[PDB]
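> First the structure, which I've put down as structure tokens, then a few questions once you've had a look.
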2 protein chains.
Amino acid sequence: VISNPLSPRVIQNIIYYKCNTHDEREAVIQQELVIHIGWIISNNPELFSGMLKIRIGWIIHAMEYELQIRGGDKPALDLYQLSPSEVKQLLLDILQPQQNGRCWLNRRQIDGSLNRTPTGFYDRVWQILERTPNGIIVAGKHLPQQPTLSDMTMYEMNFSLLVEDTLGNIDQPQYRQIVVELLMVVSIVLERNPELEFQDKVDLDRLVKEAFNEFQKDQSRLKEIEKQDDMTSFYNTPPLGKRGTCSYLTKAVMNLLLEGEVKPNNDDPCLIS
Amino acid sequence: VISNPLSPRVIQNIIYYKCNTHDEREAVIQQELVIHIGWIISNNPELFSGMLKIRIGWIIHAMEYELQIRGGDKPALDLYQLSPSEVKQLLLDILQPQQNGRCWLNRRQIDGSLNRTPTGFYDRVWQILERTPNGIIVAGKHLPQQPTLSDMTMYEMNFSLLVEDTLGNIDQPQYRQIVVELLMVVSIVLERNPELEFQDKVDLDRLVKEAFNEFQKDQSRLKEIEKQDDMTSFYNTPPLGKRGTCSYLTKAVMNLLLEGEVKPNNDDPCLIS
Ligand SMILES: C/C=C(\C)CC/C=C(\C)CCC=C(C)C
Ligand SMILES: C/C=C(\C)CC/C=C(\C)CCC=C(C)C
């Protein structure tokens, strides 16, 4: 993670020795994307908004996948054979605001791989941590309420990096988009409903597994798909729609929240105590 | 139902011939409560707020129950042996705002029997009918969206009477308090969450049965109570608390609402969508 300005010779060890030890063709492509992304950050800064940690390896992954989705049955072209400029247009195309059209499996793989976050994701994760006593555990990482709530403020950039570190261990990029969506749903449930508050630690993976398992069960009732622990169907389901991904997650979060005390709140005092 | 001013001689048929044909000792006690309630309405009008249809037979029932809860193991005194004034103090005591202390089975039996409604119950039932296309069915009655939405306005007194007629067939008074609570919960879920809207008719009895069955299952996991279809435990559970009645009902309503389209809403357009 180059978090601070570094020398050409330190940056070179990071690319040819410290990070890429399996394929060095990756270091040339990653060097190609830093040059392309750097001018894109300078002249078109907003093609990279909602991105705070630009994972060049993950952005290259989004590009290899875009070549496969674009490719169709015909074999996908090798990003490596593509010309420096063709690699820049692939990047510019993947960075383009995902529009109505692509499979929601492709939208998720690109957004998750680019690590794009809905606006206010970081502020919304603060609001989830403020109303959760024991913290959020995602992919074996844990944002505990303290020392973060005590040492940080809502819009602190340091927090955005802690949220990004917490979601660091999410290996699969489409899972990062579902975890980013559970967190966006948990923020709407918590904000829309001010009475509910988490008792134990929120395991974002378990809320996602529970949502997929409900989807698995409901889709099974439609047509009994026999693929198991394959979330491809779940990822393709649109976020909002008749039975979309956002329903399953809201349900899971609400079952967890409702298993705990409902604090009587004064903003809209109950008409029933 | 005496909805309009009537003569002493018409009121007399209503009490000794038309309504009480099984025990006429009931007509003397009901006559006793109209005299007591009538001065209470005149001088202390708010001991009867949240009450629009004063069911004297149901209010006498609340009083016979208060004598049993007050009685303890020792046999409950016969309301009929009680002196006219002792019957007025029993009434004044049952009408007193239920305070923190009594079993939530007793709070419910008194409130349900007095037909007390949380403030704005009637306005909140309009809001449930406005966002439910095919209406609410309770105890074999149905508040359909039309002709009521078309012919009535939110604060119309005519609507309060239609809501009270719909909840008319609820024989058991504690069930009326749970149905009044499901309706209060459905109003908080619908209001807090503006995107969710009911697809089919809301059967308030089915939402209550599904909440009791979840409670039955969870309490069974604690201690396996063998009483079946006995809602006494559910009624005693406090409305809001660690696992209270309001959680089960919110859950049931949310499962029904989330089984339908989530209308994308513009007040807080989706950030992750
Ligand atoms: C962009 C995402 C949303 C607009 C959230 C959709 C809302 C729900 C699935 C129900 C939320 C319910 C609560 C009680 C908070
Ligand atoms: C007097 C009653 C209440 C204060 C309602 C309690 C709230 C819930 C049980 C959760 C509601 C959730 C929504 C998304 C509307």
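A note on labels: chains of the structure tokens are A, B, ... as shown, every chain counts residues from 1, and ligands are counted from 1 in their shown order.
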In stretch 50-178 of chain B, what's strand (DSSP E) per DSSP? Answer as a list in words?
residues 136, 137, 138, 141, 142 and 143 of chain B
> Please identify every polymer residue within 6 Å of ligand 2, using only C-alpha atoms and all ligand atoms, and present the set as a ChimeraX atom specification.
/A:189,193,270-272 /B:185,188-190,192-193,246-247,250
> Distance cut-off 6 Å, counting only C-alpha atoms - which residues of chain B neighbour chain A? Return them as a ChimeraX atom specification.
/B:118-119,192,240-243,247,258,260-261,271-273
> If you run DSSP over the backbone, which residues in stretch 69-218 of chain A end up alpha helix (DSSP H)? Put them as a PyMOL selection string.
chain A and resi 69-71+84-95+104-114+121-130+145-151+157-166+173-192+204-218
> Please provide the set of residues having any atom within 12 Å of residue B:107, restricted to only C-alpha atoms, with same-chain residues fewer than 3 positions apart removed, written as a VMD selection string.
(chain A and resid 272 to 273) or (chain B and resid 62 65 to 66 69 94 to 104 110 to 116 173 to 174 177 to 178 235 to 239)
> Residues at most 9 Å from stretch 127-130 of chain A, counting only C-alpha atoms, excluding those fewer than 5 positions away in the same chain, as a PyMOL selection string?
chain A and resi 122+135-136+143-145+148-149+154+183+186-187+190-191
> One number please: atom CA of residue B:29 to atom CA of residue B:170, in Å, one decimal.
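One can read the atom CA of residue B:29 to atom CA of residue B:170 distance as 23.2 Å.
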> Can you tell me, as a CSV table (one decimal) with N, CA, C and O atoms, in the first residue's frame, what residues are no more than 10 Å from residue A:166 when counting only C-alpha atoms, ignoring any on the same chain fewer than 2 positions away?

```csv
chain,number,residue,atom,x,y,z
A,136,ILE,N,-18.4,-4.7,14.1
A,136,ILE,CA,-18.7,-5.4,12.9
A,136,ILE,C,-17.6,-6.3,12.5
A,136,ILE,O,-16.5,-5.8,12.4
A,137,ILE,N,-17.8,-7.6,12.3
A,137,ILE,CA,-16.7,-8.5,11.9
A,137,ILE,C,-17.0,-8.9,10.5
A,137,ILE,O,-18.1,-9.5,10.2
A,138,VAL,N,-16.1,-8.6,9.5
A,138,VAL,CA,-16.2,-9.0,8.1
A,138,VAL,C,-15.0,-9.7,7.7
A,138,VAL,O,-13.9,-9.2,7.9
A,139,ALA,N,-15.1,-10.9,7.1
A,139,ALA,CA,-13.9,-11.6,6.6
A,139,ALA,C,-12.8,-11.6,7.6
A,139,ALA,O,-11.7,-11.4,7.2
A,140,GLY,N,-13.1,-12.0,8.8
A,140,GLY,CA,-12.0,-12.1,9.9
A,140,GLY,C,-11.3,-10.8,10.2
A,140,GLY,O,-10.1,-10.9,10.4
A,141,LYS,N,-12.1,-9.7,10.1
A,141,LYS,CA,-11.5,-8.4,10.5
A,141,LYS,C,-12.5,-7.9,11.5
A,141,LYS,O,-13.6,-8.5,11.5
A,142,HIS,N,-12.3,-6.8,12.3
A,142,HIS,CA,-13.3,-6.4,13.2
A,142,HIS,C,-13.2,-4.9,13.4
A,142,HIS,O,-12.1,-4.4,13.7
A,143,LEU,N,-14.3,-4.1,13.1
A,143,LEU,CA,-14.2,-2.7,13.4
A,143,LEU,C,-14.8,-2.6,14.8
A,143,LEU,O,-16.0,-2.7,14.9
A,160,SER,N,-12.3,6.2,7.0
A,160,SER,CA,-12.6,5.7,5.7
A,160,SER,C,-11.6,4.6,5.5
A,160,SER,O,-11.9,3.6,4.9
A,161,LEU,N,-10.3,4.9,5.8
A,161,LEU,CA,-9.2,3.9,5.7
A,161,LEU,C,-9.4,2.7,6.6
A,161,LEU,O,-9.0,1.6,6.2
A,162,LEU,N,-9.9,2.9,7.8
A,162,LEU,CA,-10.2,1.8,8.8
A,162,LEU,C,-11.4,0.9,8.2
A,162,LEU,O,-11.3,-0.3,8.3
A,163,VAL,N,-12.4,1.5,7.6
A,163,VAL,CA,-13.5,0.8,7.0
A,163,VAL,C,-12.9,0.0,5.8
A,163,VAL,O,-13.2,-1.2,5.7
A,164,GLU,N,-12.1,0.6,5.0
A,164,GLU,CA,-11.4,0.0,3.8
A,164,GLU,C,-10.5,-1.1,4.3
A,164,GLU,O,-10.5,-2.1,3.6
A,168,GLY,N,-10.9,-5.3,3.9
A,168,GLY,CA,-9.7,-5.8,3.2
A,168,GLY,C,-9.6,-7.2,2.9
A,168,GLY,O,-9.2,-7.6,1.8
A,169,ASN,N,-10.0,-8.0,3.9
A,169,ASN,CA,-9.9,-9.5,3.7
A,169,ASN,C,-10.9,-10.1,2.8
A,169,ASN,O,-10.8,-11.3,2.5
A,170,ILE,N,-11.9,-9.3,2.3
A,170,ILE,CA,-12.9,-9.9,1.3
A,170,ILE,C,-12.2,-10.2,0.0
A,170,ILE,O,-11.7,-9.2,-0.6
```
> In terms of the shortest atom-to-atom distance over only C-alpha atoms, which of A:106, A:146, A:4, A:13 is closest to residue A:27?
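Result for the nearest residue to residue A:27: A:13.
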